[PDB]
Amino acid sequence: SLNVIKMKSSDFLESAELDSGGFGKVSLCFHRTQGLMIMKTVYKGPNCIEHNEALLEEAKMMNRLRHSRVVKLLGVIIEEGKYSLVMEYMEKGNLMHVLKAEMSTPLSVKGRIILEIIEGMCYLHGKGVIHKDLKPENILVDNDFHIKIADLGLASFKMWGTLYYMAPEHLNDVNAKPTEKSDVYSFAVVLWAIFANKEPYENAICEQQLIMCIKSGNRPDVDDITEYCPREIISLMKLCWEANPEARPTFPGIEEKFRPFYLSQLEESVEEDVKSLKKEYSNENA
């Protein structure tokens, strides 16, 4: 079921190398006729057989989980046994990169982003896939400000998590097994980052303090959000990072709570807001 693309090295060039969340080479590439795309590839070296093996599994996984909120595998390139993943380029980069820009992302658009992450996670969880590393770097964003979930390091993790987003139960044990509720925890911090427009815990002095603090109940600083954040999203953020994972809702639970709030309060202004973002980017940059 894997789409093998016939594309030679002469068809495209690497415009830039991006940080690849592990063993991969990730490149923004330009095709002679088809334009920008992302390739993940293997470096030459003594580890090429296990990496190439990992890349193929990555390709199979992305392929069987095709979905509007999962990063899109366009296909695979096979040159003398060596795989390259080709993927559809999400032009605005990751979610933190969007959040940190000079142009503020408006509430309703933040609302939709959140709704789309929930849809992505219901799907993965419905498929029996625990993400294990949900964070803003793994949420990619397109020119219409729709999002898709990526997992830059998950091909590296299976061949063998990020501190700020990790459920306390997994700081506790290196042999704790991630669950759906671990992803829900991560999602809570992502919710906070979406409204804080930055990473949490800036005042942490050291890793060991941070770990001890979070295990004891500390969470990102709700008072350090300086934009308006609806009571409902604050309430949901606090529910999703409860200490007891049994106290955290499922992702279908989150959809049940959130979508009615989105549809009645936020959805109305999204198309207009996206229109002015699109204008305040192509004028303020280009």
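Residues carry their position along the shown sequence, with the first being 1.
message = Missing residues between residue 160 and residue 161 in the deposited sequence, please: none, 1 to 3, 4 to 9, or 10 or more.
response = Count of unmodelled residues in between: 10 or more.
query = Per the entry, where is the mean C-alpha temperature factor higher: 55-63 or 40-48?
reply = Going by the record's values, the stretch with the higher mean is 40-48.
message = When the Cα temperature factors in the entry are averaged, is it 235-243 or 22-30 that ends up higher?
response = Taking the mean C-alpha B-factor of 22-30 and of 235-243, the larger value falls to 22-30.
ask   = In the PDB entry, which of 98, 210, 154, 109 has its C-alpha at the highest B-factor?
value = Within the set 98, 210, 154, 109, 154 shows the top C-alpha B-factor.
C-alpha B-factor winner, where the candidates are 174, 134, 86, 117 = Among 174, 134, 86, 117, the highest C-alpha B-factor in the entry belongs to 174.
key: Chain thirds of CA B-factor: placement of residue 148   = Ranked within chain, residue 148 CA B lands in the lowest tercile.
task = Would you mind ranking residue 202 by its C-alpha B-factor against the rest of the chain and naming the third, lowest, middle or highest?
result = Bottom third by C-alpha B-factor.
ask   = Taking the entry's C-alpha B-factors for this chain, is residue 72 in the lowest, middle or highest third?
value = Within its chain, residue 72 is a lowest-third residue by C-alpha B-factor, going by the deposited values.
key: Position of residue 179 among the chain's modelled residues by C-alpha B-factor, lowest, middle or highest third   = Highest third, going by the recorded CA B-factors of the chain.
request  = Could you tell me which third, lowest, middle or highest, the C-alpha B-factor of residue 82 occupies within its chain?
outcome  = Ranked within chain, residue 82 CA B lands in the highest tercile.
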